[PDB]
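Asks: Please find one structure pasted underneath; my questions will follow.
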Amino acid sequence: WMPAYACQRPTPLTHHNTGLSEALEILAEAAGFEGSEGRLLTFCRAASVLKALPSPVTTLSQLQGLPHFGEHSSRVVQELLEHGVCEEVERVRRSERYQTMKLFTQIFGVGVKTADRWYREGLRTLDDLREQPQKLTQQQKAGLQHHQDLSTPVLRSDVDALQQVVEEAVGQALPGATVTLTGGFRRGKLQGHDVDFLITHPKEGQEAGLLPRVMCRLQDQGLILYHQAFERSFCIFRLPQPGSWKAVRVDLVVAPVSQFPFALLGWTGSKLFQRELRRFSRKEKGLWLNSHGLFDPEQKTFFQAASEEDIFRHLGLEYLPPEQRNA
DNA sequence: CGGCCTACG
DNA sequence: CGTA
DNA sequence: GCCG
Ligand SMILES: [Mn+2]
Ligand SMILES: [Mn+2]
Ligand SMILES: [Mn+2]
Ligand SMILES: [Mn+2]
Ligand SMILES: [Mn+2]
Ligand SMILES: [Mn+2]
Ligand SMILES: [Mn+2]
Ligand code: NA
């Protein structure tokens, strides 16, 4: 009895099938690089099923009946069980296309379509991109300029220092506004690629215009290396370190308090968890979910939520705390 | 056959 | 397109 | 790739 949607089962951060799930996730990533979003989704889902299992898979028999395992995903597990290696996964790993697409798409500002164009033009290294600067957006220029720092794990000590300076700026911009850590750190991860914060105010409407004021105040303290009426800011901060500094990606999001549970849920992830929750909402309950609200399209009304628990309840789902959303 | 999350910058 |  |  393993439910078919990732939002229906707890997925902890530490699980028991990392070898198998990591192989399936290489095939998912490669499917994305080739423009096959459906295959990507199936391989992601199959990997996530293994993360939810209570014990290591030892025998092919233990896959029978599990959702999202068909011929292809089962063969990959079978080969890993019997041989320790899957020829398809290894061919992908070793391939110039996979390695370069991974290198390029890891850059802030570069997705699959851009990386693929560059690949087809013959580019292979970061220095190749640096050699043709006029072919870069400002966002990509910043991602490349800070690429080394942005590839360094963000630690909890960084999170805590960043939360302090964001809270200081937010408090200077709007008394009573609050700052909530979201993203992977709220799910219990000890490291990350960035830090995500959600900002609100308990009085509906007071948060109007807040994010530009927060950004100005951070910029005047020398904390901003890159930023773009707005409600989401995808920033690079100049984080002080002893005797120096490092660039860190920081996402700042403002939501009115009416939307705060929806934004908190949406920004806490995981990414697969949130896509699966929205799919469940629409396909199983007929309701439309995003980070703003939950809409009943037949009554034309929005569900009023005071908490994440309220949203799960309205969807008929057992509540999962953030640390069990690691699908 | 046809879907696969759903927004903002 | 990119970001989440 | 898997599934409704
Ligand atoms: Mn366990
Ligand atoms: Mn196949
Ligand atoms: Mn064999
Ligand atoms: Mn994050
Ligand atoms: Mn909005
Ligand atoms: Mn088809
Ligand atoms: Mn297909
Ligand atoms: Na990227």
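Going by Swiss-Prot, the residues shown for chain A are 137-364, 384-397, 410-494, listed in order.
Structure determined by X-ray crystallography, 1.6 Å.
Placement of Cβ uses the backbone N, Cα and C atoms for every residue, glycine included.
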Asks: Could you look at A:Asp252, A:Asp418, A:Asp463, A:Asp477 and say which one Swiss-Prot places alongside A:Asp330, A:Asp332 in the Mg(2+) site?
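Replies: Same Mg(2+) site in Swiss-Prot: A:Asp418.
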Asks: Labelled region 'Involved in ssDNA binding' by Swiss-Prot, one stretch among A:143-152, A:203-212, A:263-272, A:323-332. Can you tell me which?
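Replies: Checking Swiss-Prot against the ranges A:143-152, A:203-212, A:263-272, A:323-332, the region 'Involved in ssDNA binding' one is A:323-332.
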Asks: Which one of the binding-site residues (A:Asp330, A:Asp418) has its C-beta surrounded by the most other C-beta atoms within 10 angstroms?
Replies: A:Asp330
Asks: In the same chain, outside A:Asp330, A:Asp332, A:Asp418, whose C-beta lies within 8 angstroms of the Cβ mean position for the Mg(2+) site?
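Replies: Near the Mg(2+) site, the remaining chain residues are A:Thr318, A:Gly319, A:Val331, A:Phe333, A:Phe389, A:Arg416, A:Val417, A:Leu419.
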Asks: Give the distance between the Cα atoms of A:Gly433 (site 'Responsible for the low discrimination between dNTP and rNTP') and A:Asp332 (Mg(2+) binding site), rounded to the nearest whole Å.
Replies: 12
Asks: For the region 'Involved in ssDNA binding' (A:323-332), give the DSSP counts of helix residues, strand residues and coil residues.
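Replies: Each residue of the region 'Involved in ssDNA binding' (A:323-332) counted once, the result is 0 helix, 5 strand, 5 coil.
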